[PDB]
Amino acid sequence: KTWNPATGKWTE
């Protein structure tokens with residue numbers, strides 16, 4: 001996973 005500061009969620 002990576003954090004997405006633009007939306008406020010984790011990506012997988």
# chains A, B, ... in the order shown; residues from 1 in each chain; ligands from 1
$ residues_around --residues "residue A:12" --least-positions-apart "4" --cutoff "12 Å" --atoms "only C-alpha atoms" --output "PDB file with N, CA, C and O atoms, in the first residue's frame"
ATOM      1  N   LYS A   1       0.812  -1.234   0.000  1.00  0.00           N
ATOM      2  CA  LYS A   1       0.000   0.000   0.000  1.00  0.00           C
ATOM      3  C   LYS A   1       0.837   1.272   0.000  1.00  0.00           C
ATOM      4  O   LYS A   1       1.930   1.266   0.556  1.00  0.00           O
ATOM      5  N   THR A   2       0.293   2.354  -0.571  1.00  0.00           N
ATOM      6  CA  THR A   2       0.879   3.711  -0.547  1.00  0.00           C
ATOM      7  C   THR A   2      -0.172   4.714  -0.059  1.00  0.00           C
ATOM      8  O   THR A   2      -1.351   4.559  -0.367  1.00  0.00           O
ATOM      9  N   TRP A   3       0.212   5.714   0.739  1.00  0.00           N
ATOM     10  CA  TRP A   3      -0.719   6.754   1.186  1.00  0.00           C
ATOM     11  C   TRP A   3      -0.937   7.794   0.080  1.00  0.00           C
ATOM     12  O   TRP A   3       0.014   8.175  -0.602  1.00  0.00           O
ATOM     13  N   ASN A   4      -2.169   8.296  -0.057  1.00  0.00           N
ATOM     14  CA  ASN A   4      -2.544   9.332  -1.014  1.00  0.00           C
ATOM     15  C   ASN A   4      -3.033  10.599  -0.283  1.00  0.00           C
ATOM     16  O   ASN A   4      -4.234  10.714  -0.009  1.00  0.00           O
TER      17      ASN A   4
END
$ select_by_dssp --residues "chain A" --states "strand (DSSP E)" --output "PyMOL selection string"
chain A and resi 2-4+9-11
$ write_last_selection --atoms "C-alpha atoms" --output "short mmCIF file (atom, residue, chain, number, x, y, z; two decimals), in the first residue's frame"
data_model
loop_
_atom_site.label_atom_id
_atom_site.label_comp_id
_atom_site.auth_asym_id
_atom_site.auth_seq_id
_atom_site.Cartn_x
_atom_site.Cartn_y
_atom_site.Cartn_z
CA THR A 2 0.88 3.71 -0.55
CA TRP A 3 -0.72 6.75 1.19
CA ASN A 4 -2.54 9.33 -1.01
CA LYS A 9 -6.68 7.18 1.77
CA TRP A 10 -4.33 4.22 1.20
CA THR A 11 -3.88 2.65 -2.29
#
$ decode --residues "chain A" --atoms "C-alpha atoms" --output "PDB file, in the first residue's frame"
ATOM      1  CA  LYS A   1       0.000   0.000   0.000  1.00  0.00           C
ATOM      2  CA  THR A   2       0.879   3.711  -0.547  1.00  0.00           C
ATOM      3  CA  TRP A   3      -0.719   6.754   1.186  1.00  0.00           C
ATOM      4  CA  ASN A   4      -2.544   9.332  -1.014  1.00  0.00           C
ATOM      5  CA  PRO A   5      -2.498  12.819   0.700  1.00  0.00           C
ATOM      6  CA  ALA A   6      -4.666  14.201  -2.171  1.00  0.00           C
ATOM      7  CA  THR A   7      -7.756  12.092  -1.167  1.00  0.00           C
ATOM      8  CA  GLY A   8      -6.779  10.996   2.405  1.00  0.00           C
ATOM      9  CA  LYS A   9      -6.681   7.177   1.767  1.00  0.00           C
ATOM     10  CA  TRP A  10      -4.332   4.216   1.204  1.00  0.00           C
ATOM     11  CA  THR A  11      -3.877   2.649  -2.289  1.00  0.00           C
ATOM     12  CA  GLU A  12      -3.314  -1.085  -3.114  1.00  0.00           C
TER      13      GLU A  12
END
